[PDB]
file query34.tsv (TSV, N, CA and C atoms)
chain	number	residue	atom	x	y	z
E	3	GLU	N	-157.88	-76.48	18.58
E	3	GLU	CA	-159.07	-75.76	18.14
E	3	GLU	C	-160.22	-75.95	19.13
E	4	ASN	N	-161.25	-75.12	18.98
E	4	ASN	CA	-162.46	-75.21	19.79
E	4	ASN	C	-163.47	-76.15	19.13
E	5	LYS	N	-163.61	-77.36	19.67
E	5	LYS	CA	-164.35	-78.42	19.00
E	5	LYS	C	-165.87	-78.23	18.96
E	6	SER	N	-166.37	-77.24	19.69
E	6	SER	CA	-167.80	-76.93	19.67
E	6	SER	C	-168.17	-76.10	18.44
E	7	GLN	N	-167.20	-75.39	17.87
E	7	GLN	CA	-167.43	-74.53	16.71
E	7	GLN	C	-167.82	-75.35	15.48
E	8	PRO	N	-168.63	-74.76	14.59
E	8	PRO	CA	-168.99	-75.48	13.36
E	8	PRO	C	-167.77	-75.69	12.48
E	9	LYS	N	-167.88	-76.59	11.51
E	9	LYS	CA	-166.75	-76.84	10.62
E	9	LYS	C	-167.21	-77.28	9.25
E	10	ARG	N	-166.60	-76.69	8.22
E	10	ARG	CA	-166.94	-77.00	6.83
E	10	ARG	C	-165.92	-77.96	6.24
E	11	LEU	N	-166.42	-79.03	5.65
E	11	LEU	CA	-165.57	-79.97	4.95
E	11	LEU	C	-165.71	-79.82	3.44
E	12	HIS	N	-164.59	-80.00	2.74
E	12	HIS	CA	-164.58	-80.05	1.29
E	12	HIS	C	-164.60	-81.52	0.89
E	13	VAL	N	-165.62	-81.92	0.14
E	13	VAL	CA	-165.80	-83.31	-0.26
E	13	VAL	C	-165.66	-83.37	-1.77
E	14	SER	N	-164.69	-84.14	-2.25
E	14	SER	CA	-164.43	-84.15	-3.68
E	14	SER	C	-164.35	-85.55	-4.25
E	15	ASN	N	-164.37	-85.60	-5.58
E	15	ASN	CA	-164.49	-86.83	-6.34
E	15	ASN	C	-165.73	-87.63	-5.94
E	16	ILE	N	-166.83	-86.92	-5.74
E	16	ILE	CA	-168.11	-87.56	-5.45
E	16	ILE	C	-168.82	-87.86	-6.77
E	17	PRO	N	-169.72	-88.85	-6.78
E	17	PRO	CA	-170.42	-89.18	-8.03
E	17	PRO	C	-171.08	-87.93	-8.62
E	18	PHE	N	-171.01	-87.78	-9.94
E	18	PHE	CA	-171.61	-86.64	-10.60
E	18	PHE	C	-173.10	-86.60	-10.39
E	19	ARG	N	-173.69	-87.77	-10.13
E	19	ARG	CA	-175.13	-87.82	-9.91
E	19	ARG	C	-175.57	-87.27	-8.55
E	20	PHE	N	-174.64	-87.17	-7.59
E	20	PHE	CA	-174.99	-86.70	-6.25
E	20	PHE	C	-175.64	-85.32	-6.25
E	21	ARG	N	-176.65	-85.17	-5.39
E	21	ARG	CA	-177.26	-83.89	-5.08
E	21	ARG	C	-177.26	-83.70	-3.57
E	22	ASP	N	-177.79	-82.57	-3.11
E	22	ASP	CA	-177.85	-82.26	-1.68
E	22	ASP	C	-178.21	-83.45	-0.77
E	23	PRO	N	-179.36	-84.08	-1.02
E	23	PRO	CA	-179.76	-85.14	-0.09
E	23	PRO	C	-178.79	-86.29	-0.03
E	24	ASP	N	-178.02	-86.50	-1.09
E	24	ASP	CA	-177.07	-87.60	-1.10
E	24	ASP	C	-175.92	-87.33	-0.15
E	25	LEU	N	-175.40	-86.10	-0.14
E	25	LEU	CA	-174.36	-85.76	0.83
E	25	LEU	C	-174.91	-85.73	2.24
E	26	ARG	N	-176.10	-85.17	2.38
E	26	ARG	CA	-176.71	-85.04	3.69
E	26	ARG	C	-176.86	-86.43	4.31
E	27	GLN	N	-177.34	-87.38	3.51
E	27	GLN	CA	-177.51	-88.75	3.97
E	27	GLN	C	-176.18	-89.35	4.39
E	28	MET	N	-175.16	-89.19	3.55
E	28	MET	CA	-173.87	-89.81	3.82
E	28	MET	C	-173.16	-89.21	5.03
E	29	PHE	N	-173.30	-87.91	5.23
E	29	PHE	CA	-172.60	-87.24	6.33
E	29	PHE	C	-173.48	-87.09	7.57
E	30	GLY	N	-174.79	-87.15	7.38
E	30	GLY	CA	-175.74	-86.94	8.46
E	30	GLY	C	-175.59	-87.90	9.63
E	31	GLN	N	-175.07	-89.09	9.35
E	31	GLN	CA	-174.80	-90.11	10.36
E	31	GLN	C	-173.88	-89.60	11.46
E	32	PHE	N	-173.06	-88.60	11.15
E	32	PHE	CA	-172.03	-88.18	12.09
E	32	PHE	C	-172.45	-87.02	12.97
E	33	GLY	N	-173.60	-86.42	12.67
E	33	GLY	CA	-174.12	-85.35	13.49
E	33	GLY	C	-174.89	-84.31	12.70
E	34	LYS	N	-175.32	-83.26	13.40
E	34	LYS	CA	-176.15	-82.21	12.81
E	34	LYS	C	-175.37	-81.43	11.75
E	35	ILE	N	-175.99	-81.29	10.58
E	35	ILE	CA	-175.45	-80.56	9.45
E	35	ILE	C	-176.17	-79.21	9.29
E	36	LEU	N	-175.39	-78.13	9.25
E	36	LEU	CA	-175.93	-76.79	9.03
E	36	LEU	C	-176.14	-76.47	7.57
E	37	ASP	N	-175.28	-77.00	6.71
E	37	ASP	CA	-175.39	-76.68	5.29
E	37	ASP	C	-174.74	-77.73	4.41
E	38	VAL	N	-175.30	-77.91	3.23
E	38	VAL	CA	-174.69	-78.78	2.23
E	38	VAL	C	-174.70	-78.04	0.92
E	39	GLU	N	-173.59	-78.14	0.18
E	39	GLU	CA	-173.48	-77.42	-1.06
E	39	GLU	C	-172.73	-78.30	-2.07
E	40	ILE	N	-173.36	-78.57	-3.20
E	40	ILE	CA	-172.67	-79.20	-4.32
E	40	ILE	C	-172.47	-78.13	-5.38
E	41	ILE	N	-171.29	-78.11	-5.97
E	41	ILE	CA	-170.93	-77.09	-6.95
E	41	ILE	C	-171.17	-77.60	-8.37
E	42	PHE	N	-171.75	-76.74	-9.21
E	42	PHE	CA	-172.07	-77.06	-10.60
E	42	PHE	C	-171.48	-76.02	-11.54
E	43	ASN	N	-171.35	-76.38	-12.80
E	43	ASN	CA	-171.22	-75.37	-13.84
E	43	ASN	C	-172.28	-75.69	-14.89
E	44	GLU	N	-172.19	-75.11	-16.07
E	44	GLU	CA	-173.26	-75.32	-17.04
E	44	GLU	C	-173.24	-76.74	-17.66
E	45	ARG	N	-172.17	-77.49	-17.41
E	45	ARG	CA	-172.09	-78.92	-17.78
E	45	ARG	C	-172.59	-79.84	-16.66
E	46	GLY	N	-173.14	-79.25	-15.61
E	46	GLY	CA	-173.70	-79.99	-14.50
E	46	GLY	C	-172.78	-80.03	-13.29
E	47	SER	N	-172.93	-81.05	-12.46
E	47	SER	CA	-172.11	-81.17	-11.27
E	47	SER	C	-170.64	-81.21	-11.59
E	48	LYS	N	-169.86	-80.52	-10.76
E	48	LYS	CA	-168.42	-80.57	-10.88
E	48	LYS	C	-167.82	-81.67	-10.00
E	49	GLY	N	-168.67	-82.44	-9.33
E	49	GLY	CA	-168.21	-83.59	-8.57
E	49	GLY	C	-167.52	-83.25	-7.26
E	50	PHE	N	-167.89	-82.11	-6.67
E	50	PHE	CA	-167.42	-81.80	-5.34
E	50	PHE	C	-168.40	-80.86	-4.67
E	51	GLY	N	-168.29	-80.78	-3.35
E	51	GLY	CA	-169.19	-79.95	-2.58
E	51	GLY	C	-168.66	-79.70	-1.19
E	52	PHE	N	-169.49	-79.08	-0.38
E	52	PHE	CA	-169.10	-78.72	0.96
E	52	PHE	C	-170.18	-79.18	1.91
E	53	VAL	N	-169.75	-79.71	3.04
E	53	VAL	CA	-170.67	-80.11	4.08
E	53	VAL	C	-170.26	-79.39	5.35
E	54	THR	N	-171.19	-78.65	5.93
E	54	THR	CA	-170.89	-77.90	7.15
E	54	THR	C	-171.59	-78.52	8.35
E	55	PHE	N	-170.79	-78.96	9.32
E	55	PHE	CA	-171.30	-79.50	10.59
E	55	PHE	C	-171.46	-78.44	11.67
E	56	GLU	N	-172.45	-78.66	12.53
E	56	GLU	CA	-172.70	-77.78	13.66
E	56	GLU	C	-171.53	-77.81	14.66
E	57	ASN	N	-170.86	-78.96	14.81
E	57	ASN	CA	-169.62	-78.97	15.61
E	57	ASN	C	-168.46	-79.73	14.97
E	58	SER	N	-167.25	-79.32	15.34
E	58	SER	CA	-166.04	-79.81	14.70
E	58	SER	C	-165.71	-81.25	15.04
E	59	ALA	N	-166.17	-81.71	16.20
E	59	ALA	CA	-165.87	-83.06	16.64
E	59	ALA	C	-166.58	-84.05	15.72
E	60	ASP	N	-167.84	-83.75	15.40
E	60	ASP	CA	-168.59	-84.53	14.43
E	60	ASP	C	-167.92	-84.48	13.06
E	61	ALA	N	-167.53	-83.29	12.61
E	61	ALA	CA	-166.86	-83.14	11.31
E	61	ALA	C	-165.59	-83.98	11.27
E	62	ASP	N	-164.82	-83.94	12.35
E	62	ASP	CA	-163.55	-84.66	12.39
E	62	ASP	C	-163.78	-86.17	12.30
E	63	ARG	N	-164.87	-86.64	12.89
E	63	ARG	CA	-165.21	-88.06	12.83
E	63	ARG	C	-165.63	-88.44	11.41
E	64	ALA	N	-166.43	-87.59	10.79
E	64	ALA	CA	-166.88	-87.85	9.43
E	64	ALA	C	-165.69	-87.90	8.48
E	65	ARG	N	-164.75	-86.97	8.65
E	65	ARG	CA	-163.58	-86.93	7.79
E	65	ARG	C	-162.73	-88.20	7.99
E	66	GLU	N	-162.52	-88.57	9.25
E	66	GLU	CA	-161.70	-89.75	9.57
E	66	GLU	C	-162.30	-91.01	8.97
E	67	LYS	N	-163.62	-91.10	8.99
E	67	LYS	CA	-164.30	-92.30	8.51
E	67	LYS	C	-164.53	-92.32	7.00
E	68	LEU	N	-164.77	-91.16	6.41
E	68	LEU	CA	-165.12	-91.11	5.00
E	68	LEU	C	-164.00	-90.73	4.02
E	69	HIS	N	-162.94	-90.09	4.49
E	69	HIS	CA	-161.89	-89.72	3.56
E	69	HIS	C	-161.31	-91.00	2.95
E	70	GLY	N	-161.17	-91.02	1.63
E	70	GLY	CA	-160.54	-92.14	0.95
E	70	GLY	C	-161.44	-93.34	0.73
E	71	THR	N	-162.71	-93.20	1.10
E	71	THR	CA	-163.68	-94.28	0.93
E	71	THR	C	-164.22	-94.35	-0.50
E	72	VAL	N	-164.34	-95.56	-1.02
E	72	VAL	CA	-164.84	-95.77	-2.37
E	72	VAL	C	-166.37	-95.84	-2.37
E	73	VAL	N	-166.97	-94.90	-3.07
E	73	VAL	CA	-168.42	-94.78	-3.20
E	73	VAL	C	-168.75	-94.80	-4.70
E	74	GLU	N	-169.56	-95.77	-5.11
E	74	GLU	CA	-169.96	-95.89	-6.51
E	74	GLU	C	-168.81	-95.71	-7.50
E	75	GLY	N	-167.69	-96.37	-7.23
E	75	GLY	CA	-166.58	-96.41	-8.16
E	75	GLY	C	-165.53	-95.33	-7.98
E	76	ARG	N	-165.76	-94.43	-7.04
E	76	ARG	CA	-164.87	-93.29	-6.81
E	76	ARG	C	-164.31	-93.25	-5.39
E	77	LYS	N	-163.00	-93.04	-5.29
E	77	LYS	CA	-162.38	-92.76	-4.01
E	77	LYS	C	-162.61	-91.30	-3.66
E	78	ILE	N	-163.46	-91.05	-2.67
E	78	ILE	CA	-163.78	-89.68	-2.32
E	78	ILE	C	-162.71	-89.11	-1.41
E	79	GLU	N	-162.57	-87.79	-1.43
E	79	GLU	CA	-161.62	-87.14	-0.55
E	79	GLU	C	-162.40	-86.17	0.32
E	80	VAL	N	-162.06	-86.11	1.60
E	80	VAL	CA	-162.74	-85.28	2.56
E	80	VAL	C	-161.65	-84.55	3.32
E	81	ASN	N	-161.66	-83.23	3.19
E	81	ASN	CA	-160.64	-82.38	3.80
E	81	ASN	C	-161.32	-81.20	4.44
E	82	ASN	N	-160.64	-80.54	5.37
E	82	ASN	CA	-161.16	-79.27	5.88
E	82	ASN	C	-161.17	-78.26	4.75
E	83	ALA	N	-162.25	-77.49	4.62
E	83	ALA	CA	-162.36	-76.54	3.52
E	83	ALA	C	-161.44	-75.35	3.77
E	84	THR	N	-160.96	-74.76	2.68
E	84	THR	CA	-160.16	-73.54	2.73
E	84	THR	C	-160.69	-72.53	1.70
E	85	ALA	N	-160.07	-71.36	1.67
E	85	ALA	CA	-160.52	-70.28	0.79
E	85	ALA	C	-160.37	-70.66	-0.68

call {"tool": "encode", "arguments": {"input": "query34.tsv", "output": "structure tokens"}}
result
Amino acid sequence: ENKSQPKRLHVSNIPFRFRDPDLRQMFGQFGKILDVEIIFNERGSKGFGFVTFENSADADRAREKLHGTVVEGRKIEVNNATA
């Protein structure tokens, strides 16, 4: 792949309390973020979201470091997003 291109990660099993700044803080360490999205329904957070990096190399590092990491009692999963 072309590592300069942006890349969206799917981040799941995140604490229900998380909001935008919480993901931004956790993933921001790895590089510039273009977008952050947490998904909700009428019962509140669904406990997953998307983080989009300006480049794929940064995204790949974030995924390698954060996938499977336990945060506030939850093993989070970080995967490349799909349709």

call {"tool": "atom_distance", "arguments": {"input": "query34.tsv", "atom1": "CA of residue 11 (chain E)", "atom2": "CA of residue 67 (chain E)"}}
result
12.9 Å

call {"tool": "residues_near_point", "arguments": {"input": "query34.tsv", "point": "(-163.1, -89.9, -6.8)", "cutoff": "7 Å", "atoms": "all atoms listed in the file", "output": "list in words"}}
result
residues 14, 15, 16, 17, 75, 76, 77, 78 and 79 of chain E

call {"tool": "write_last_selection", "arguments": {"input": "query34.tsv", "atoms": "N, CA and C atoms", "output": "compact mmCIF listing (two decimals), in the coordinates of the input"}}
result
# COMPACT_ATOMS: atom_id res chain seq x y z
N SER E 14 -164.69 -84.14 -2.25
CA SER E 14 -164.43 -84.15 -3.68
C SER E 14 -164.35 -85.55 -4.25
N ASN E 15 -164.37 -85.60 -5.58
CA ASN E 15 -164.49 -86.83 -6.34
C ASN E 15 -165.73 -87.63 -5.94
N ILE E 16 -166.83 -86.92 -5.74
CA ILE E 16 -168.11 -87.56 -5.45
C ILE E 16 -168.82 -87.86 -6.77
N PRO E 17 -169.72 -88.85 -6.78
CA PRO E 17 -170.42 -89.18 -8.03
C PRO E 17 -171.08 -87.93 -8.62
N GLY E 75 -167.69 -96.37 -7.23
CA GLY E 75 -166.58 -96.41 -8.16
C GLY E 75 -165.53 -95.33 -7.98
N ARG E 76 -165.76 -94.43 -7.04
CA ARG E 76 -164.87 -93.29 -6.81
C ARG E 76 -164.31 -93.25 -5.39
N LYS E 77 -163.00 -93.04 -5.29
CA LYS E 77 -162.38 -92.76 -4.01
C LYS E 77 -162.61 -91.30 -3.66
N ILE E 78 -163.46 -91.05 -2.67
CA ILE E 78 -163.78 -89.68 -2.32
C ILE E 78 -162.71 -89.11 -1.41
N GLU E 79 -162.57 -87.79 -1.43
CA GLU E 79 -161.62 -87.14 -0.55
C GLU E 79 -162.40 -86.17 0.32

call {"tool": "atom_distance", "arguments": {"input": "query34.tsv", "atom1": "CA of residue 49 (chain E)", "atom2": "CA of residue 8 (chain E)"}}
result
23.4 Å

call {"tool": "closest_residue", "arguments": {"input": "query34.tsv", "among": "E:65, E:9, E:24, E:39", "to": "residue 51 (chain E)", "atoms": "all atoms listed in the file"}}
result
E:39

call {"tool": "closest_residue", "arguments": {"input": "query34.tsv", "among": "E:60, E:18, E:33, E:85", "to": "residue 45 (chain E)", "atoms": "only C-alpha atoms"}}
result
E:18

call {"tool": "atom_distance", "arguments": {"input": "query34.tsv", "atom1": "CA of residue 20 (chain E)", "atom2": "CA of residue 47 (chain E)"}}
result
8.0 Å

call {"tool": "select_by_dssp", "arguments": {"input": "query34.tsv", "residues": "chain E", "states": "strand (DSSP E or B)", "output": "MDAnalysis selection string"}}
result
chainID E and resid 9:14 35:43 46:55 72:73 76:77 79:82

call {"tool": "closest_residue", "arguments": {"input": "query34.tsv", "among": "E:34, E:19, E:25, E:43", "to": "residue 61 (chain E)", "atoms": "only N, CA and C atoms"}}
result
E:34

call {"tool": "closest_residue", "arguments": {"input": "query34.tsv", "among": "E:23, E:69, E:48, E:55", "to": "residue 36 (chain E)", "atoms": "only N, CA and C atoms"}}
result
E:55

call {"tool": "select_by_dssp", "arguments": {"input": "query34.tsv", "residues": "chain E", "states": "helix (DSSP H, G or I)", "output": "list in words"}}
result
residues 22, 23, 24, 25, 26, 27, 28, 29, 30, 58, 59, 60, 61, 62, 63, 64, 65, 66, 67 and 68 of chain E

call {"tool": "axis_aligned_box", "arguments": {"input": "query34.tsv", "around": "region 38-44 of chain E", "padding_each_side": "3 Å", "output": "AutoDock Vina command-line options"}}
result
--center_x -173.1 --center_y -77.2 --center_z -7.2 --size_x 10.4 --size_y 10.1 --size_z 26.9

call {"tool": "closest_residue", "arguments": {"input": "query34.tsv", "among": "E:7, E:81, E:54, E:27", "to": "residue 68 (chain E)", "atoms": "only N, CA and C atoms"}}
result
E:81

call {"tool": "closest_residue", "arguments": {"input": "query34.tsv", "among": "E:64, E:13, E:31, E:46", "to": "residue 83 (chain E)", "atoms": "all atoms listed in the file"}}
result
E:13

call {"tool": "residues_around", "arguments": {"input": "query34.tsv", "residues": "residue 40 (chain E)", "least_positions_apart": "5", "cutoff": "6 Å", "atoms": "all atoms listed in the file", "output": "PyMOL selection string"}}
result
chain E and resi 22+50-52

call {"tool": "decode", "arguments": {"input": "query34.tsv", "residues": "region 34-47 of chain E", "atoms": "N, CA, C and O atoms", "output": "PDB file, in the first residue's frame"}}
result
ATOM      1  N   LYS E  34      -0.784  12.771  13.382  1.00  0.00           N
ATOM      2  CA  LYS E  34      -1.896  13.671  13.085  1.00  0.00           C
ATOM      3  C   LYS E  34      -3.163  12.891  12.753  1.00  0.00           C
ATOM      4  O   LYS E  34      -3.137  11.986  11.929  1.00  0.00           O
ATOM      5  N   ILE E  35      -4.251  13.258  13.423  1.00  0.00           N
ATOM      6  CA  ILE E  35      -5.563  12.670  13.240  1.00  0.00           C
ATOM      7  C   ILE E  35      -6.476  13.624  12.452  1.00  0.00           C
ATOM      8  O   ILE E  35      -6.643  14.797  12.812  1.00  0.00           O
ATOM      9  N   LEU E  36      -7.052  13.125  11.362  1.00  0.00           N
ATOM     10  CA  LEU E  36      -7.997  13.892  10.558  1.00  0.00           C
ATOM     11  C   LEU E  36      -9.409  13.854  11.107  1.00  0.00           C
ATOM     12  O   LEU E  36     -10.172  14.801  10.942  1.00  0.00           O
ATOM     13  N   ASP E  37      -9.788  12.735  11.712  1.00  0.00           N
ATOM     14  CA  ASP E  37     -11.153  12.616  12.201  1.00  0.00           C
ATOM     15  C   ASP E  37     -11.279  11.575  13.297  1.00  0.00           C
ATOM     16  O   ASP E  37     -10.567  10.572  13.314  1.00  0.00           O
ATOM     17  N   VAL E  38     -12.203  11.813  14.209  1.00  0.00           N
ATOM     18  CA  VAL E  38     -12.525  10.827  15.233  1.00  0.00           C
ATOM     19  C   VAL E  38     -14.028  10.723  15.306  1.00  0.00           C
ATOM     20  O   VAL E  38     -14.741  11.732  15.253  1.00  0.00           O
ATOM     21  N   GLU E  39     -14.527   9.499  15.422  1.00  0.00           N
ATOM     22  CA  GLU E  39     -15.952   9.287  15.436  1.00  0.00           C
ATOM     23  C   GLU E  39     -16.271   8.169  16.435  1.00  0.00           C
ATOM     24  O   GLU E  39     -15.716   7.082  16.339  1.00  0.00           O
ATOM     25  N   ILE E  40     -17.108   8.467  17.417  1.00  0.00           N
ATOM     26  CA  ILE E  40     -17.662   7.429  18.283  1.00  0.00           C
ATOM     27  C   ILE E  40     -19.116   7.263  17.894  1.00  0.00           C
ATOM     28  O   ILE E  40     -19.797   8.234  17.636  1.00  0.00           O
ATOM     29  N   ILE E  41     -19.561   6.022  17.818  1.00  0.00           N
ATOM     30  CA  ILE E  41     -20.914   5.700  17.384  1.00  0.00           C
ATOM     31  C   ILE E  41     -21.837   5.513  18.590  1.00  0.00           C
ATOM     32  O   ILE E  41     -21.453   4.861  19.573  1.00  0.00           O
ATOM     33  N   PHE E  42     -23.041   6.077  18.498  1.00  0.00           N
ATOM     34  CA  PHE E  42     -24.050   6.020  19.554  1.00  0.00           C
ATOM     35  C   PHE E  42     -25.368   5.498  19.012  1.00  0.00           C
ATOM     36  O   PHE E  42     -25.631   5.567  17.817  1.00  0.00           O
ATOM     37  N   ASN E  43     -26.219   5.022  19.899  1.00  0.00           N
ATOM     38  CA  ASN E  43     -27.626   4.911  19.572  1.00  0.00           C
ATOM     39  C   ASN E  43     -28.389   5.623  20.685  1.00  0.00           C
ATOM     40  O   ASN E  43     -27.788   6.374  21.463  1.00  0.00           O
ATOM     41  N   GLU E  44     -29.689   5.419  20.788  1.00  0.00           N
ATOM     42  CA  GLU E  44     -30.445   6.186  21.778  1.00  0.00           C
ATOM     43  C   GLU E  44     -30.189   5.714  23.224  1.00  0.00           C
ATOM     44  O   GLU E  44     -30.575   6.401  24.172  1.00  0.00           O
ATOM     45  N   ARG E  45     -29.504   4.580  23.381  1.00  0.00           N
ATOM     46  CA  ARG E  45     -29.038   4.104  24.697  1.00  0.00           C
ATOM     47  C   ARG E  45     -27.627   4.614  25.026  1.00  0.00           C
ATOM     48  O   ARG E  45     -27.033   4.212  26.024  1.00  0.00           O
ATOM     49  N   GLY E  46     -27.099   5.489  24.180  1.00  0.00           N
ATOM     50  CA  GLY E  46     -25.796   6.092  24.394  1.00  0.00           C
ATOM     51  C   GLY E  46     -24.718   5.456  23.527  1.00  0.00           C
ATOM     52  O   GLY E  46     -25.000   4.896  22.466  1.00  0.00           O
ATOM     53  N   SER E  47     -23.470   5.543  23.981  1.00  0.00           N
ATOM     54  CA  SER E  47     -22.362   4.996  23.222  1.00  0.00           C
ATOM     55  C   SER E  47     -22.530   3.520  22.970  1.00  0.00           C
ATOM     56  O   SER E  47     -22.977   2.758  23.850  1.00  0.00           O
TER      57      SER E  47
END
